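I have placed the structure first, in the form of structure tokens, so that the comments after it can refer back to it.
So you know, we letter chains A, B, ... as the sequences are listed, proteins then strands, and number each from 1. All values below come from the heavy atoms of this structure, side chains included, with hydrogens, waters and symmetry mates left out.
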Amino acid sequence: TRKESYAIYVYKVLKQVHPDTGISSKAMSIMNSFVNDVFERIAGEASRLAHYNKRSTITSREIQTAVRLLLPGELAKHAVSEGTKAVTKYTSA
Amino acid sequence: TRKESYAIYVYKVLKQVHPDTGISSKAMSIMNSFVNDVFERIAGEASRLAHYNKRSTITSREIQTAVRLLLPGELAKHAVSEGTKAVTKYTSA
Amino acid sequence: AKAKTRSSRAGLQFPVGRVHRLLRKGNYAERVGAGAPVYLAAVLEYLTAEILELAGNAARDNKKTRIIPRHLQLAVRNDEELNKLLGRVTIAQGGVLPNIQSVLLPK
Amino acid sequence: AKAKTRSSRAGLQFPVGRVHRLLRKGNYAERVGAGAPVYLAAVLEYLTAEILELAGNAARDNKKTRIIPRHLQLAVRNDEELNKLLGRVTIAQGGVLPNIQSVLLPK
Amino acid sequence: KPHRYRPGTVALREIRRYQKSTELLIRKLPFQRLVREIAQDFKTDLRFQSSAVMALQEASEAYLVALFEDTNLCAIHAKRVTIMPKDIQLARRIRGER
Amino acid sequence: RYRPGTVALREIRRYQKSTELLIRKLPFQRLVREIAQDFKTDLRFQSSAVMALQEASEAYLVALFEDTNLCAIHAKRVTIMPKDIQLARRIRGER
Amino acid sequence: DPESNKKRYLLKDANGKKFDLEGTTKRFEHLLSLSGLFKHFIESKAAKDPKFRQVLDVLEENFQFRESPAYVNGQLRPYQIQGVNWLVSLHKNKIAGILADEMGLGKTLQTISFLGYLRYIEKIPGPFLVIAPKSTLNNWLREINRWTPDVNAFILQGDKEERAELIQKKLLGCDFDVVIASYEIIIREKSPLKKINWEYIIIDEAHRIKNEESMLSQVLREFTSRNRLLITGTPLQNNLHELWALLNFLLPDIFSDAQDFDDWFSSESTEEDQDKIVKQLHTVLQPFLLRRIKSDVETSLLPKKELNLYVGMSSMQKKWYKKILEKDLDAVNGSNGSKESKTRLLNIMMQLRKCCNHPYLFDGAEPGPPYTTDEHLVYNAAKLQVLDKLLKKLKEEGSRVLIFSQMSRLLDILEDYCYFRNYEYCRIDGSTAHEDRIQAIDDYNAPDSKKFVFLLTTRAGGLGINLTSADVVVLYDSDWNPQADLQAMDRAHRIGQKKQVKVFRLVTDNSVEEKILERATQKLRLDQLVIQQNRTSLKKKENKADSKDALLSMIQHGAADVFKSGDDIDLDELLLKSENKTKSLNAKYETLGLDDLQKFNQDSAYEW
Amino acid sequence: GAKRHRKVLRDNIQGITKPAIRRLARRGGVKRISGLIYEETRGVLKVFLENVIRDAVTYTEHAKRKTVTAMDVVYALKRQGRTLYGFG
Amino acid sequence: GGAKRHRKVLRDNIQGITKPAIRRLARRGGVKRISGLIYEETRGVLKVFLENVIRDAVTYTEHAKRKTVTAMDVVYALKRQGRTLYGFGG
DNA sequence: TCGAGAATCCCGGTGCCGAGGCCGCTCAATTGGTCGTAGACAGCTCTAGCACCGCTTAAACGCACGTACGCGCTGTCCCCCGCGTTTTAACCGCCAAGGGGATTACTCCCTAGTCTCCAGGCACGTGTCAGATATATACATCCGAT
DNA sequence: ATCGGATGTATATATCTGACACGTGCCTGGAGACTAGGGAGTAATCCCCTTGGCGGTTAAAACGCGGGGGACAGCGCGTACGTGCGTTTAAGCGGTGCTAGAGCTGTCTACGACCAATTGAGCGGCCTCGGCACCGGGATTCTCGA
Ligand SMILES: Nc1ncnc2c1ncn2[C@@H]1O[C@H](COP(=O)(O)OP(=O)(O)O)[C@@H](O)[C@H]1O
Ligand SMILES: [Mg+2]
């Protein structure tokens, strides 16, 4: 059966950052679990953010607020920068 | 405007148990927060229980299992008994 | 036909229509069974009655006829069992339990 | 017209369609915007790149060309930020960061 | 020869009178000034409610009271009856707040 | 001979560098099964379930022993005693 | 006599409401005799209340002080004798009043004269209570000790212990003549004063009662008594609700409702109804709102010497002004579509005011630390240089100065520089506690003393104070309400002054400071026209038409000059030039400001 | 008169006066107190407050408000596992 | 001298956490000298932790009608306890 | 060494204000319909489990010496406590102004939803190199005798 | 202190073996076109409630003092734990035998969502008096030098 996961995307990012480094299987499972955990945290916090303000819609503004709430300091700053960049590029297309 | 709360029902229960006591406003607000908190805990755990099992419906079984998970020991036992008793009385009527 | 509240049918005191609505409009699931509001109302019923009778006991032990947050604090903290449930909870205007380490007491 | 994935149109590597589908059929809100999958994918990609770069540094520090869970552990625990984001998290087969108290060292 | 209570007596009387009450222990205006000054570094020109600051004080005081209650155990464990900065550092380090 | 304590620090260096499991396998699986025997009889376990349990258990005990070591040092000692375990778990809210 | 005083003072009988017909009916018929246009209330409450219904059931068919009294020390002003006659007449008719002379008219002496009548003529040395603000307690007691020398009048001060001591000893012992107590001491000592049958309750500065639901009003409602003598120097606000509250306290029988009073008078279908019933208002308020004005009674004084200085703005003053403007040009170079926050506008204005006042109010402006006091800062400020020369003119010729600042640090700087100039001073800023405030003021206003200059702030200066031994009242600056400034300069201009009052006013030319006075005068001038005839050629109904734009125009006075770009004073030429330009602006505003009062005439001038 | 105007003002953290820490300690059941402990208290309080107020202000930003309501503080606390009962 | 059919053997299971294994865990925690009574206290602590986690995991697994505790159940139970675990899926 | 002084619990009367009671506007409960969902079914393939048995090998068990450390006792000294005085700023009562929180209306555009279409990601199978392992050497540290 | 010695550890090398990084087909879910509708964006009102300042009363905070008791350093002593060697035992590995448990695939029908209409449970406002929060005087108790 099909059990989809964030394996190929993680490997794509890896071969982008350290072009000549591999990664074992258990490490990949840990990375996949990490991505799922972070996705769940951000999505849950954004869901509560929409519910607090009586909105039925999740937008990019909710995601940005959630990532500022979860991530600490420098991580939050740089991730907000990256997300703004990607959404701007997507709109201008 | 419309601001629903459990003050009326908390008062009903209180007069049921201690027929001649009262309750000040601040304690009533605390009891309201208590009820909402427990409701969110149970409902969120039941939502996760349904999601884990691929179901799409929150039934009596999910509420019972979330009660088992959240409440400790003797409380869990008695509260489960209360819930089943009420649901059978409702269903038969 | 004359209406009958589901609260009356179940024999409970908490609302069941309200609980059903909050379960339906809280994104907890796509569909809500018919017995879930009844069960959840019963559980909230039971917990509220438990904590309130403990608080009333404490209020009498303090010789007053009206629960105040301090009495709720005493009921939850003294009771070993609800204390786990409200472990991370801070109750406003509760104070603390009287407790002095025996090592500090004079000889 | 020839189809183009939303990932490429945004310039990311993570899948924007899959993130959209999960946000929708995950019981988070009634309606899902159009920028939310893009933003979320970008943030997840950034975090993955950060942790993976640190782990690769650590792996090269041991003359190895693969990232094993020990290197993920070392990278996470030696960085003060990812050590806060993953403070309550246990990494299987991660081991312990080397540390012995100075009071225990021999005279 | 005036009357002086020997050391430790008034300090137990005070423990008894403060573990059997509920009011807030910190002043209110100093705490409010501290809150506004700390918040000035995140958004400029912020308005606060009143229950917002009261909630902050309740949470704050509960936090400190529990912290001191753990510091006491740390100090007693070292066979002292005096609490020193090392005790708070040990307590917070163990609780995971380091 | 090695003066007392020489082998201990070397031993610590050995173990703060490896990653494998420190508790044996069967002695832990037996414990898990007979400790779940009472919640529900006629239970089965996947192997990876027991592995997850052991991973979590050893992580918990290692963190507890680090906190215990800090407690023992704070009392001007180098020997850990049950006093220290009790204090650490009491501080961490578990008791 | 402690025995008779004990017999009379104490509430021997405990009861709630006592009168049924006598007092209420007599008051009503007397007021009906004196232009009884007030039926509406009577029948409204009779219909809605059975008690006053049967009260109305009977309503269908049913020493003049020719001179100053001998006993009180000294004499009284003719208007004072008229006021005491007025109060005596009101007493004879068993109805109260509201003495409301303009401030500084010695109304306290009139109250003491009334009480002297009460004790010495009709012989009721009853328990009189005189509420007051704390600052005014000592002055009261001194007046009792000065005019009617033999009265057991005692303040009610001190911590709980000595308060309780005095209570249980004299008060509950009924061994006094009158009591004095602040607002808070009234609130704290409810019960001891409650258990006294109060012959009178007197209140100085009755504004504090203007709110009917205030806790002090609540408490004062159930003080059992018979007659009240509220006092309020300031004019009564044209709002009607507080007038109802005051009258309600005075005569609860009559003004016993709010909604009925409003529906009768103010809330009308057409506004001309209340415009015409203004005359009936005046009629109803005439009998019991006696008021005199210092202008039309007394000329007992040289009027004023209102002089004005248009000082320059110094080089480092320009430097810090430019610094501020460079920091705050955007919000005042027009605006960003008028999106600038009003708070930002007021803060820019405040920073400009601090720069104009003295460029040491900002840190880092003084030369490198540690500091030394010298003339360096008297020539860092053109204002301070002009003031320095003016002081070294006035002191030597013989005078005493009363500078009023607007903020404390400016008085700090003036203190430090005066100690450099080695002149004895006193500061009475709000910080100075009592028995220290009193210490300083009685040190200054003592007989011949070394304290020459005497420095204050306006908000904490003009409050029941009698600094009259000085004449020149130079102000460092001015505020938005001209009444506060007027009270400040009348701290020295009052009864007893024997020399002309000279008024100086520092104004920084080519600054926001220069626009203040004309903005003040526009506010100032229009007020008087309402007082006399209630209308004029006031076509400038805009009242600056805004504040976000009014203060925007306010800032831009010296906008383009400083932004784009020994030195002795020689005071006499500044006197001449500024007085000519002052009379010029007086003439300009005299013609209703017809040319341009505001005309919302401004444009961006902070371009770049 | 030689004392020049200085106008030094205390830090706001010094408004958590020594007796207030003593009272908090007493309610913690602590008998004898060191003298170096007040700076540690003033230092841990500020950390706690910054961590809470940051999230409260974030929640306020999101709603496009300029008022920090008590519900924002309750949300911020609950986010850190410090649930508060009595304000909503 | 019979009656050997009765088991009368197999010492308690918590004694399978031997003394040197606890020493190994202590050393990984960075502990030099160990008291003699730490062993029993450690056994008690471990038993409590296991009981809590296993109770929650069995709850999860019998909700879903199964009679076999799978790794996902343990992971969920740990997450619910507050101790996220990475690696075994999830 | 028990009597002196200071702190505490107890009763009695007072005042006040907050909780509980009562009266008048609105969504849960009644019908009717009807569609997916989730129970039931068969089939199919990989894991667990419960009694064994044989074998290798390292780890656990036990023991004796000794040592260094835990623990108790003594001294000493200085830091923290209780306390009385003086100062200061918090709380309270107050007033005045205006930002902005909360609500209402319209409209329009963006999200859901349906159909069509196609290509990205997933399972399957696969070949080679990264790292674990076992040796031998160099050398780095600890330890005791001098 | 220093020096040799003996042990433990880091380093370089050859070998393997099994997991990782690759390519292939294909099928499902993500993308492209299109329609209809309602959520939310924007504007405009409104009035609540925050802010910002003032002055007073009084309790709390700050300061300096005197003194003794607790923290800390030093000494001694006995014990209990560590190090090392010998011995025993249990883990781990492999192999047996069968069977259920658990995860993949279609048809039903009964139950939960939607829409209409309607009344009546619940929310809000407003009162009023009983519990509670003061305030004072009295007996109880508890601490601390004689
Ligand atoms: N007839 C008089 N003789 C002497 N001095 C008087 C006379 N009338 C009033 N004064 C003085 O005028 C001053 C006015 O004081 P006060 O009445 O407190 O001001 P206000 O009337 O504004 O309250 C008092 O100091 C009083 O001594
Ligand atoms: Mg006056």
Side-chain angles (χ1 to χ4, degrees), chain A residues 1-2 4 8 11 22-25 55-57, chain B residues 1-4 8 11 22-25 55-57, chain C residues 1 3-6 17-18 21 31-34 64-66, chain D residues 1 3-6 15 17-18 20-21 31-34 64-66, chain E residues 2-11 13 27-30 47-50 80-82, chain F residues 1-8 10 24-27 44-47 77-79, chain G residues 133-135 159-160 182-184 187-188 208 211 214-216 341-343 430 459, chain H residues 17-19 32-35 65-67, chain I residues 18-20 33-36 66-68:
Chain A
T1 186
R2 295 179 67 251
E4 72 205 29
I8 62 170
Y11 193 78
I23 177 157
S24 67
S25 161
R55 299 292 179 90
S56 62
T57 312
Chain B
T1 62
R2 183 178 293 171
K3 293 182 183 293
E4 68 210 1
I8 190 167
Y11 210 94
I23 175 161
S24 67
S25 159
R55 300 265 172 295
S56 67
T57 309
Chain C
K4 291 177 70 68
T5 314
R6 290 194 265 177
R18 178 174 305 182
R21 151 162 68 78
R31 290 151 50 103
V32 171
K64 298 198 182 307
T65 65
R66 177 164 302 173
Chain D
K4 299 205 320 303
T5 53
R6 266 179 294 180
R18 171 173 316 181
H20 194 181
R21 184 263 308 264
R31 297 157 77 252
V32 166
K64 294 199 164 32
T65 69
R66 282 174 186 169
Chain E
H3 180 86
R4 291 198 58 127
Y5 276 122
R6 281 160 39 78
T9 291
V10 182
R13 202 197 321 290
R27 313 278 92 202
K28 292 181 181 179
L29 274 155
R47 294 162 90 76
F48 268 95
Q49 268 181 347
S50 46
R80 271 186 286 111
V81 305
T82 299
Chain F
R1 270 174 44 126
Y2 280 122
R3 283 179 190 168
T6 293
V7 188
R10 188 162 66 236
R24 312 315 293 300
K25 201 162 307 309
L26 277 296
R44 312 168 77 249
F45 275 96
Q46 273 177 357
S47 61
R77 273 188 286 118
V78 305
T79 315
Chain G
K134 187 160 84 174
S135 165
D159 188 7
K160 305 184 178 66
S182 66
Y183 297 122
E184 297 81 2
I187 299 180
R188 304 254 173 176
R208 182 70 168 83
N211 190 353
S214 65
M215 185 180 288
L216 165 69
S341 66
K342 178 175 179 177
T343 63
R459 67 171 67 256
Chain H
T17 81
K18 178 213 294 180
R32 199 178 147 116
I33 296 176
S34 192
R65 273 195 323 263
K66 291 191 269 295
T67 298
Chain I
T18 179
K19 143 167 180 179
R33 267 177 59 126
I34 295 170
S35 177
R66 304 183 310 259
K67 295 174 298 273
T68 175

North or south: where does the sugar of [N] fall when you read the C1'-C2'-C3'-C4' torsion?
N: K:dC22; result: north
N: K:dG86; result: south
N: J:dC78; result: south
N: K:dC108; result: north

What nucleotide, of [options], holds the atom closest to the side chain of [X]?
X: A:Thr57; options: K:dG29, K:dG39, J:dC143; result: K:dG39
X: B:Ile8; options: K:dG41, K:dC123, J:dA28; result: K:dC123
X: F:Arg3; options: J:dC143, J:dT31, J:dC91; result: J:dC143
X: F:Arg24; options: J:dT37, J:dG101, J:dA60; result: J:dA60
X: E:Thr82; options: K:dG112, J:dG100, K:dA71; result: K:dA71
X: A:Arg2; options: K:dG29, J:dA7, J:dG144; result: K:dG29
X: E:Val81; options: J:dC143, K:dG70, J:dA102; result: K:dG70

Check every strand shown and say whether [X] touches a base, only sugar-phosphate, or nothing at a heavy-atom separation below 4.0 Å.
X: E:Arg80; value: sugar-phosphate
X: G:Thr343; value: nothing
X: F:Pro27; value: sugar-phosphate
X: H:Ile33; value: sugar-phosphate
X: E:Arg47; value: base
X: G:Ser182; value: sugar-phosphate
X: G:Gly430; value: nothing

Please determine whether [M] and [N] constitute a Watson-Crick or G-U wobble pair, defined by two donor-acceptor distances each under 3.5 Å.
N: K:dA110; M: J:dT37; result: no
N: K:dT50; M: J:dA68; result: no
N: K:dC108; M: J:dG39; result: no
N: J:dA40; M: K:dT107; result: no

> Closest nucleotide of DNA chain J for D:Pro15 versus for H:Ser34: which of these residues is on the 5' side?
Replying inline: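 Nearest-nucleotide comparison on DNA chain J picks H:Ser34.
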
>> Both E:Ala11 and B:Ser56 contact DNA chain J. Taking the nearest nucleotide for each, which residue is further toward the 5' end?
In response: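 Result of the comparison: B:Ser56.
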
What does the list of N/O pairs under 3.5 Å between the protein and nucleotides 118-121 of chain K look like, with a distance for each?
from: K:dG120; atom 1: OP1; to: C:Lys2; atom 2: NZ; distance (Å): 2.9
from: K:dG120; atom 1: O5'; to: C:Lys2; atom 2: NZ; distance (Å): 2.7

>> As an exercise, state the distance from CZ of A:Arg55 to CZ of D:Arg31, rounded to the nearest 0.5 Å.
In response: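 Between atom CZ of A:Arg55 and atom CZ of D:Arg31 there are 11.0 Å.
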
>> Return whichever of F:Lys25 or D:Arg6 has its heavy-atom-nearest nucleotide of DNA chain K closer to the 5' end.
In response: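 The answer here is D:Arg6.
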
>> Taking only the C1' atom of each, what is the distance from K:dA60 to K:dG136 in whole angstrom?
In response: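 To the nearest whole Å, 25 Å.
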
> How far does the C1' atom of K:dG82 sit from the matching atom of K:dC3, given to the nearest Å?
Replying inline: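 Between the two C1' atoms, the distance is 28 Å.
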
Please report the closest heavy-atom contact between [X] and [Y], naming both atoms and the distance.
X: G:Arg208; Y: G:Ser214; value: O-OG, 4.0 Å
X: I:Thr68; Y: F:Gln46; value: OG1-N, 4.3 Å
X: I:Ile34; Y: F:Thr79; value: C-CG2, 4.0 Å

Please give, in whole Å, the distance from [N] [atom2] to [X] [atom1]?
X: G:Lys134; N: J:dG93; atom1: NZ; atom2: P; result: 16 Å
X: D:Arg31; N: J:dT111; atom1: CZ; atom2: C1'; result: 5 Å
X: B:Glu4; N: K:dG122; atom1: CD; atom2: P; result: 11 Å

>> Do J:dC27 and J:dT26, which sit next to each other in the strand, have six-membered ring centres within less than 5.5 angstrom and planes differing by under 30°?
In response: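 No, J:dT26 and J:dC27 do not stack on each other.
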
> Do K:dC108 and K:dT109 pass the stacking test of six-membered ring centres within less than 5.5 angstrom and planes tilted under 30 degrees?
Replying inline: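 No, unstacked.
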
Nucleotides 62-69 of chain K: which of its N/O atoms have a protein N/O under 3.5 Å away?
from: K:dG69; atom 1: OP1; to: E:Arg6; atom 2: NH1; distance (Å): 3.1

Check whether any side-chain nitrogen or oxygen of [X] sits under 4.0 Å from OP1 or OP2 of [N], and answer yes or no.
X: A:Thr1; N: J:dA123; answer: no
X: F:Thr6; N: J:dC142; answer: no
X: G:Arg208; N: K:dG56; answer: no
X: G:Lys342; N: J:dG98; answer: yes
X: D:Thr65; N: J:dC129; answer: no
X: D:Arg18; N: J:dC122; answer: yes
X: D:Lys64; N: J:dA132; answer: yes
X: G:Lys160; N: K:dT57; answer: no

Could you pull out the protein-nucleic contacts involving nucleotides 11-14 of chain K (nitrogen or oxygen on both sides, under 3.5 Å)?
none

>> Going by the rule salt bridge (charged side-chain N to carboxylate O under 4.0 Å, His left out), which residues pair with F:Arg10 if we only count those two or more places apart in sequence or in a different chain?
In response: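 Per chain and number, F:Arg10 pairs via salt bridge (charged side-chain N to carboxylate O under 4.0 Å, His left out) with no residue.
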
>> Tell me every residue that passes salt bridge (charged side-chain N to carboxylate O under 4.0 Å, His left out) with H:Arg65, counting only those two or more places apart in sequence or in another chain.
In response: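 Counting only residues at least two positions away or on another chain, H:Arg65 forms a salt bridge (charged side-chain N to carboxylate O under 4.0 Å, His left out) with H:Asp72.
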
Which atoms of nucleotides 14-24 of chain J (N or O only) lie under 3.5 Å from a protein N or O atom, and what are those distances?
from: J:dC16; atom 1: OP1; to: G:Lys190; atom 2: NZ; distance (Å): 3.0
from: J:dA19; atom 1: OP1; to: B:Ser25; atom 2: N; distance (Å): 2.4
from: J:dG20; atom 1: OP1; to: B:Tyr11; atom 2: OH; distance (Å): 2.8
from: J:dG20; atom 1: OP1; to: B:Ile23; atom 2: N; distance (Å): 3.3
from: J:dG20; atom 1: OP2; to: B:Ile23; atom 2: O; distance (Å): 3.4
from: J:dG20; atom 1: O5'; to: B:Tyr11; atom 2: OH; distance (Å): 2.7

